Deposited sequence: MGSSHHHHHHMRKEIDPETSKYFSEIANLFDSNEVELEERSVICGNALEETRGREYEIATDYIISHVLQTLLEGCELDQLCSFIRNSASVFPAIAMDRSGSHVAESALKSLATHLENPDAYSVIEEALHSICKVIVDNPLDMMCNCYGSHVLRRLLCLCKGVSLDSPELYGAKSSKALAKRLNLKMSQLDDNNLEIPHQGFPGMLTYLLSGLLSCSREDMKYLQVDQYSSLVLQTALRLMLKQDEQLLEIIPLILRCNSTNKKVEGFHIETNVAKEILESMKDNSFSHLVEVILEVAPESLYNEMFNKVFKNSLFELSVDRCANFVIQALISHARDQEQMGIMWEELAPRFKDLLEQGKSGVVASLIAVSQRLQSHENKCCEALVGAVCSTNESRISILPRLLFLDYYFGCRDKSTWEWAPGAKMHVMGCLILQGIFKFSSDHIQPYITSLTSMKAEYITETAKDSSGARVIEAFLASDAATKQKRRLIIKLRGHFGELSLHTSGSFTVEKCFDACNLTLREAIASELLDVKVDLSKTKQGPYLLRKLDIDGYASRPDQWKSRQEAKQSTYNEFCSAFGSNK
C-alpha cells in the first residue's frame, strides 16, 4: 500500500469527520471511493488503518456500489473474512446489504451478491468455519440469508434472560434457497471432519447459529441434524450414540447439543432422549458443561413417560445437584413438570426435602432458597438463618418464581414459609431485585387472599423506601393492586411522604400517576371512592 493510497482514503475519512457534506453527496463519494479499491480489495480491507475507512464507505454507499464491491471482492472474500481487520470490513458489507432487505426492488440484486459470496465459501469452508474472525462473518451471513438484520445475542449465540425465561417457561422471507445452499456447503465434509467441527469452538458457534435460524423448518432440521451428529427414519445406531454421549462434556459440543435439543422435531428429540441421554442423566448433570445440555433436554421433554424417567434419575439427587452448583437442572425439571402437568407435587416435595432435611427445618425453605449459595456454602447448616445484606440467589429466586405458578395444593410448605417470614426478612426480600420477583409471583399465585394480605401487611412502613427502588416500585404497584381500600390508603400515605424524592426517579412519575398520589393528597375522599370502586 503506497502513500498515495493511504492519503486518498485518509482524506476521504477526514472529509466525513467534517460535516461540510450532505447525506446525498456523502453516499456518492462513498461509492466513488469504493471504485479505488478495485484490484486490491484484499490489501485495502486487511490494512490495519484503512480497513476502518472501508467500513465507513461500505455502510455509507448505495446498493449498486455495494454489490459491485462484493462482486469484485468475491474471489478474496474468505481471506478478507478470516483477517483480524478484514473480517469487520466483510461484516460491514453484510450489515450494509441488510439495510436494503425491506426494499422489494432490491431482492434480486441482494440475492446475486449473496450468491457470489456463498459460492466462494462453499468451495472451501472448513478453515473459515473454525477461524475466530471468519466464524463471525459466517454467522452474520447465515442471519442475512434468513432475512434477519437485527443483531440478536441469542442468534450469535450469547446468553440472555429471554433464553433463560424460555428454558424455565417464564419476518422478512429472506433468501431460503441461499440459506439452504450455504448451510449444505458447510455440512458436506467427511464424518471424521464433522467429528472435529463438533468440538471446535468457532465451527460449533457457526452451526449453532444455523440451527437457530432453521427453527420450525422440520424437513431441513431432519436433514441437517443427522449430518451434524454423524448418524446419517432418523435412527442413532449404538456406536454413534456412544460417541455422541462421550463428547457431551466438551465445552464446544455441549453448546451445540443445547441448540440441537431446542430445535429438534419430536421424532428426533425422542430418539436422542432414548439412545443418548437416558440412564446418564445424573452423570451429565454434575458435569460443568453437560449439565446445560441436560437443562435443554429437560426443558424440551415431550410427554409424561419422559417426565417419569427424568424424575427417577434426578429427583433422588436434588440435594447433590444443589450442593454442587447445578440448581439450573433442578429449576428446569420443576418448570417442565408444570408444563407437562406431571410429577408436579413430587417435584415440589423433592425440592423441600433436598433443602430441609429435618421436619423442623422445613419452615425455612424460603430463606434457604433465596440465599441458596450462602446456605449450601455455610460452615454449620443447623444454625444458618439468613445472609444479612447479601444479594439474593438468581436461580433460587427463579425456582421460587416457578414454584408460585403451581396450584396452591402442591406448594403449601412454600406459601406457609413465605408468609411466616418476619417483617424485616420480607422487606429485605422486597428490596432485592431477585427477591422482589418471588414476592410478586406469590401475589399472582392462587394462594389465599388472607395469606397475601398477611404478607403485604408486614411491608407496612416500607412502601416509601420500596417505591424509590427501581425493582421495588413494581412490588409497590402489585401490592397496591392486591389490597383493599384500607391498605391502599396506607400505601398511598407512605408514597406521599417521599413524593419529592420519588418524582426524581425513573419509575416515580408512572407510580405517582397509577396510584393517583396527587389526588389522594388533594381530594382524599374522592380518591377513596374511586379506589373502593376497583
Deposited residues without C-alpha coordinates, grouped into stretches that follow sequence order: 1 to 14, 185 to 196, 259 to 265, 568 to 582
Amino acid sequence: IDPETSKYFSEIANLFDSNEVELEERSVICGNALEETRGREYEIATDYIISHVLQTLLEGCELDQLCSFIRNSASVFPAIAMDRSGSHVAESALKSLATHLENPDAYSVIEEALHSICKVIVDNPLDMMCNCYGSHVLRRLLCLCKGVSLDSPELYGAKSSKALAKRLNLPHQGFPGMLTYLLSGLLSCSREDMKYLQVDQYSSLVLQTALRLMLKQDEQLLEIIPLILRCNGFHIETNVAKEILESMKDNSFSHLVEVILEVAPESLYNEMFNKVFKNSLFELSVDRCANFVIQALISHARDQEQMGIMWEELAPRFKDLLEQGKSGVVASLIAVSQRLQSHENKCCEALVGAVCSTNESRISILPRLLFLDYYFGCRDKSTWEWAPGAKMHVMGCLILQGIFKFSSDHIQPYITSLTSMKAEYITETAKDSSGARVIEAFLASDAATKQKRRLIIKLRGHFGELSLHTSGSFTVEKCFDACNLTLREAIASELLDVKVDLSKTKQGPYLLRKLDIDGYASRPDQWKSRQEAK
From here on, numbers count along this sequence of modelled residues.
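For the two forms, the rigid core is made up of the largest set of C-alpha atoms that agree within 1.5 Å on superposition.
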Divergent stretch in 4 other deposited structures of this protein, 182 to 190 or 140 to 148 [C-alpha RMS, superposed by the core]: 140 to 148
Stretch farther from the shown model on average in 4 other deposited structures of this protein, with CA RMS computed after core superposition (173 to 181, 207 to 215): 173 to 181
Per the entry, higher mean C-alpha B factor between 478 to 486 and 46 to 54: 478 to 486
Greater mean Cα temperature factor according to the PDB record, 115 to 123 or 340 to 348: 340 to 348
Out of 91, 237, 440, 287, highest CA B-factor residue: 237
Out of 170, 244, 264, 297, residue topping the C-alpha B-factor column of the entry: 170
Residue 315 - Cα temperature factor, lowest/middle/highest third of chain: highest
Cα B factor band for residue 449 (lowest, middle or highest third within the chain): middle
Residue 383, C-alpha B-factor rank within chain (lowest, middle or highest third): highest
Third of the chain, ranked by Cα B-factor, where residue 360 sits: highest
For residue 176, the third of its chain into which the C-alpha B factor falls: middle
